[PDB]
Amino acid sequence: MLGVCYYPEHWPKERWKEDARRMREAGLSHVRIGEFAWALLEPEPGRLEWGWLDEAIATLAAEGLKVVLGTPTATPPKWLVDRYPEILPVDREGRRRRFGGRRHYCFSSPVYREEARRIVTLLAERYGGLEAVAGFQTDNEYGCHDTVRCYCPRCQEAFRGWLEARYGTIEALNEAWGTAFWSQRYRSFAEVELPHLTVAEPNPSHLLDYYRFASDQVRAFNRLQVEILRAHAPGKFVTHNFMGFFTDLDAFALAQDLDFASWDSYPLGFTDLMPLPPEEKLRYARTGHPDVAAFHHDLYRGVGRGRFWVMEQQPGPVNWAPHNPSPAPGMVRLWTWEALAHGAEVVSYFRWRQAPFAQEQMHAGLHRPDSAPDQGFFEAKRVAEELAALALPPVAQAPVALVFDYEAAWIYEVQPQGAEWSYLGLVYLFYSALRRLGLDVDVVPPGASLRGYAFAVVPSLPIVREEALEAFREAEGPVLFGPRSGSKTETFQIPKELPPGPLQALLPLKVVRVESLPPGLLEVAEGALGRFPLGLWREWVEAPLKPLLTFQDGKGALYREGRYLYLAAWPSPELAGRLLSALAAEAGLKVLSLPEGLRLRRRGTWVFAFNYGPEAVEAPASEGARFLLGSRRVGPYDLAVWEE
């Protein structure tokens, strides 16, 4: 199913009927509206004007379109901000932000909590029972513009309450943080402040708990809205639109209070911001890196416990990246089918028509400002026509699972120890390695069952809790643990047994020292798998095990015991590919050496081939395969679907 993000409040009411009609002709079935309409729903404090919203919903409903309503807490009215100044967030620098853009509010502000409660309850009671309404989107991209973590007075006092609940006694906190160090000892929770603007570096345990707290604050803010929607809008789904490459917010945790996860895909923008090699940045400027959208579809399908939507899909050039190219001809269609192949229930485009005013006037839509259809429109219409004839098989369990963890991201954010150490970069590297082997991937959280997977990859899991350990023990196939795994306790301390901590119950090895190396410093690690120049991060492993790969000084780089493997160094794409290929073979999985721009994704017995260009490539379809869409020869920015 296809949808679109619409803003009735940006156009003359006369255009509404025409818009709704063309949305239906285009083949769209869902429409999202209202997330930025607070100032229009309540221009004056207490004076509610539902007139236009009732009409807009009515207009869309008349064309048989399902409405997705978003609560408007992302952008509170200027009068509300002026009334309660405490609502405005304070950056890490200590400066109070201002009205003028969006997301100018703090998750700790108790006043904003009540203001949100009020408007959401009103909205929920009024439209909660409508048949035209299919569900809601809470707020809009929690955390965008670095807003998950706030540094105002409200946060400091809220942080103390959080800490007391977690530790009970200030004594437990002192021990956990190791406050004897640098005379940081606290006499009471009242003495603890936010971990910012400290002389020298702040305490890692202190900073991590702050990150945990910040994320929890967002979930609490969201939970409030979900409770209201469940009480006054029964039967209507509730979701939230997560972002690409964003870890400040624990999406796994927050999604527990949702019916399914949704996310906003802008491949070109993410790619322009990614530090890719020179050649790739140019090659994928108009397509996005081949795995940029796919990684997130897999992640969010996992975050949504198997269900997710692409609430916002790029339909043309955006406005916020340093460089904003136009998607190449056919990419909007490719991204759409890709999302669907990865299991997206709905792919909704942002937005229906390009706005001629304000901040995002340069952000394209399915239509230009003069209402003429833009390139994205024709591509979406095409997908609608193709989809009508192609009911999709169900999404099956992928052969490989990738264990992703938000907490891990916070830990490495707090203590990189190596300037080039990157959690997302490490995760992405393993992901692309699997993808280049033609393998489908399921992203899951620590503790989730690995039952049924041929093998699993854990880019890095610094903290290994009992639940996670159990899931690993019950694993039916091999599990590869990345560097720094099990290197921290829950309180951000080095395990008494040293890394890999709890994992030592599975692997008889100890990391006695780690190194972060300057770029360019490489040393070959070699063995039966091959020869691999490696750098950036290296660990000294003490173990009775014969390493599978050894550096020139004789130190091991990769170890294995039973079904468990441990990588003691930052992997290169080459090593990741060969190691993963070897595991796939051992598991009886067939693999393909896909060319640089080709990607595959299965759905049932069907196989989708997406060509990110710039030249045509042949789809590795079995002989006699029956093509449902496209042909064996896949042109650039094009695709193919067949029965394998």
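Quick note: we count residues from 1 along the sequence shown, nothing fancier.
Relative to its counterpart among 432-440 and 131-139, 131-139 has the higher mean temperature factor, C-alpha atoms as listed in the PDB entry.
Comparing 360-368 with 388-396, the higher mean C-alpha B-factor in the PDB entry belongs to 388-396.
Comparing C-alpha B-factors across 115, 272, 312, 523 in the deposited entry, the largest value falls on 115. Annotation for 327, 322, 501, 235: 235 ranks highest, by Cα B-factor. When all modelled residues of the chain are sorted by CA temperature factor, residue 79 is found within the highest third.
Per the deposited record, the Cα B-factor of residue 577 falls in the lowest third when ranked against the other modelled residues of its chain. The deposited CA B-factor of residue 108 belongs to the highest third of values across its chain. Among all modelled residues in its chain, residue 204 ranks in the middle third by Cα B-factor. Remark: residue 228 belongs to the highest third of its chain, ranked by C-alpha B-factor as recorded.
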